[PDB]
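This report refers to the structure that appears directly beneath it.
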Amino acid sequence: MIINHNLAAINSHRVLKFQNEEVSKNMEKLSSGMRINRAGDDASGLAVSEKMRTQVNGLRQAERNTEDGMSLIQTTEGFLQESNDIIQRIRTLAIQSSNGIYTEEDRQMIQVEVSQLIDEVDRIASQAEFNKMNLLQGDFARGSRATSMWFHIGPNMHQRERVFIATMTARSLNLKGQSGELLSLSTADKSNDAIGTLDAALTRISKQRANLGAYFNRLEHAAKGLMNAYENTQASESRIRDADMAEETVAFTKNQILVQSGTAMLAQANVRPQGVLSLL
């Protein structure tokens with residue numbers, strides 16, 4: 001028997017060391033909880049998982065953006081509500097002032113309230129704000145040269161939609177003139193003519209409310225779609241990257257038993273050449 005080299009021990013050790021490497025890979029997978037932990041396990045799977053992680057993060061952020069845009073729209077509509085109520089009050093006052101039983105003094109008394117209400121409309125226009133941004137002054141109007149409002153409702157580069165808000169000053173409503181002269185109710189004839197102007201202003205405010213309502217409805221649908229897409233994308237990403245722990249435990253236990261058996265066989269092969277010494 002050859003004792004200068006122990007080939008059985010060499011073979012047993014080689015098998016054992018590669019079994020130990022397999023055990024280490026299993027432990028990595030079990031402690032992290034992810035099937036892919038280093039490049040090499042599945043390169044294309046890792047690339048697809050990273051793209052899907054980008055998509056998941058973007059879908060969550062886009063849903064948050066959609067909620068924020070919803071909040072902005074809701075604030076703007078809430079601001080328009082007060083203006084609509086004020087214009088309704090002014091129209092009722094114009095109906096009353098058209099009657100012939102009133103003198104000029106009573107019409108001036110009505111014009112006092114008209115002046116206060118028109119000033120309140122202008123105050124709403126110039127002071128309605130969202131995150132230090134004016135909403136009703138025409139900054140986001142269709143032909144505006146100041147700025148534009150965009151909502152980024154998608155996880156990718158150009159997935160954004162534009163929102164237009166028109167001007168609700170007493171001027172775009174024709175309650176204030178070019179030189180700043182207020183709408184007048186001080187005479188019966190002018191009060192009668194003021195009914196049509198107030199009707200047109202109510203029409204403009206209603207159109208603006210309809211536009212914002214449509215914007216909100218669309219944002220609702222977009223948010224529901226974004227949540228559904230995010231759930232599906234998380235399902236796909238976890239199906240590609242996350243480890244199944246039952247299978248991993250099975251493989252780990254098998255490799256542990258193999259390591260134990262290989263160690264026993266290495267110990268057995270180490271003492272094998274001791275039988276030669278009986279011949280010396």
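Here, A, B, ... name the chains of the structure tokens in the order displayed, residue numbers run from 1 inside each chain, and ligands are numbered from 1 in the same displayed order.
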Kindly provide the residues of segment 50-104 of chain A that approach segment 124-145 of chain A to within 7 Å, each paired with its closest atom pair and their distance in Å to one decimal, based on only C-alpha atoms, listed by chain and increasing number, as CSV.
```
residue,atom,partner,partner_atom,distance
A:72,CA,A:130,CA,6.6
A:76,CA,A:135,CA,6.8
A:79,CA,A:128,CA,6.6
```
*Considering only C-alpha atoms, return as a VMD selection string whatever protein or nucleic-acid residues lie within 8 Å of residue 234 of chain A, sequence-local ones (same chain, fewer than 5 positions apart) excluded.*
chain A and resid 52 to 53 56
*State, in Å with one decimal place, the distance from atom CA of residue 89 of chain A to atom CA of residue 118 of chain A.*
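That distance, rounded to one decimal, is 10.8 Å.
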_Please extract the residues of segment 14-236 of chain A with a backbone DSSP assignment of alpha helix (DSSP H) and present them as a PyMOL selection string._
chain A and resi 14-32+43-97+104-127+188-236
_Taking only C-alpha atoms into account, name the residue in A:170, A:227, A:163, A:222 that is nearest to residue 120 of chain A._
A:170
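Within 10 Å of residue 171 of chain A, once only C-alpha atoms are used and residues closer than 3 positions along the same chain are dropped, the contacting residues are residues 122, 167, 168, 174, 175, 176, 177, 178, 180, 181 and 182 of chain A.
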Resulting file, chosen residues, N, CA and C atoms, as a compact mmCIF listing (two decimals), in the first residue's frame:
```txt
# COMPACT_ATOMS: atom_id res chain seq x y z
N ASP A 122 -63.15 89.32 -5.50
CA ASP A 122 -61.78 89.62 -5.89
C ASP A 122 -60.77 89.09 -4.88
N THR A 167 -59.35 82.10 -15.24
CA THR A 167 -59.29 83.29 -14.39
C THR A 167 -60.66 83.57 -13.78
N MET A 168 -60.70 83.72 -12.45
CA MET A 168 -61.97 84.04 -11.75
C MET A 168 -61.75 85.33 -10.97
N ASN A 174 -66.73 89.69 -15.65
CA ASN A 174 -67.40 90.92 -16.08
C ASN A 174 -68.17 91.58 -14.95
N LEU A 175 -67.72 91.41 -13.71
CA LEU A 175 -68.27 92.17 -12.59
C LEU A 175 -67.53 93.48 -12.36
N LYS A 176 -66.32 93.61 -12.91
CA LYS A 176 -65.54 94.83 -12.84
C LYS A 176 -65.15 95.23 -14.26
N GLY A 177 -65.18 96.54 -14.53
CA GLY A 177 -64.91 97.04 -15.86
C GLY A 177 -63.43 97.18 -16.16
N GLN A 178 -63.15 97.68 -17.37
CA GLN A 178 -61.78 97.85 -17.82
C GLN A 178 -61.03 98.86 -16.96
N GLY A 180 -61.91 99.55 -13.94
CA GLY A 180 -62.15 99.20 -12.55
C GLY A 180 -63.50 99.59 -12.01
N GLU A 181 -64.43 100.00 -12.87
CA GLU A 181 -65.76 100.37 -12.41
C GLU A 181 -66.57 99.12 -12.09
N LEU A 182 -67.20 99.12 -10.92
CA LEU A 182 -67.94 97.96 -10.46
C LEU A 182 -69.26 97.82 -11.20
```
